[PDB]
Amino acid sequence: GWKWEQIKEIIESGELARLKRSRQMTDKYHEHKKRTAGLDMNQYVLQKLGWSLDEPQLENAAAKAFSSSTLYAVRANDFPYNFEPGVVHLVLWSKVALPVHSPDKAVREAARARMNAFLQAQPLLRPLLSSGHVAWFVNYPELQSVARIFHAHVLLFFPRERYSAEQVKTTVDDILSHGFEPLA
């Protein structure tokens, strides 16, 4: 799998298609694809996250992305990409889209700045941020699924010489249980 420095270089160059699953994980992803071939996965995800129109509305319509914990959700990626041991592949879903690949440089930079501020503000990521061991990307339209719901790939690096696999499990379970904290 990709080493952390390679991951950072790929994200920086925008060559996101290079971030691929292993042959085997590609096989499993293929079988899950067979299973969901009869579904609109946008509606499925909305349903699972509690964001369907059926649900109540703790909204103000104009709420800023990440301004309230009801507006986002972090999950472990069930079919992670092929990264070196210690890299944890999470998915951050947001009810509010962030136009991070807009042709408008002002809009794109502003949307990226918001995502960055959100992740930087997270106490549960503090030592990883201090280490440069948090990265994120949003797959382009020609690469993504579930295009009606914003989601970012959030990668956390726990080097093997710094965290046992069991300590990684513990910390990630902690993050997913607590969730991320909102940002005004």
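Start at 1 and count along the sequence shown; that's the residue number.
Stretches compared: 49-57, 27-35. Higher mean C-alpha B-factor in the entry: 49-57.
For the pair 105-113 and 90-98, the record assigns the higher mean C-alpha temperature factor to 105-113. Looking at the C-alpha B-factors along this chain, the one for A63 belongs to the highest third.
Per the PDB record, residue ranking by Cα B-factor puts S69 in the highest third of the chain.
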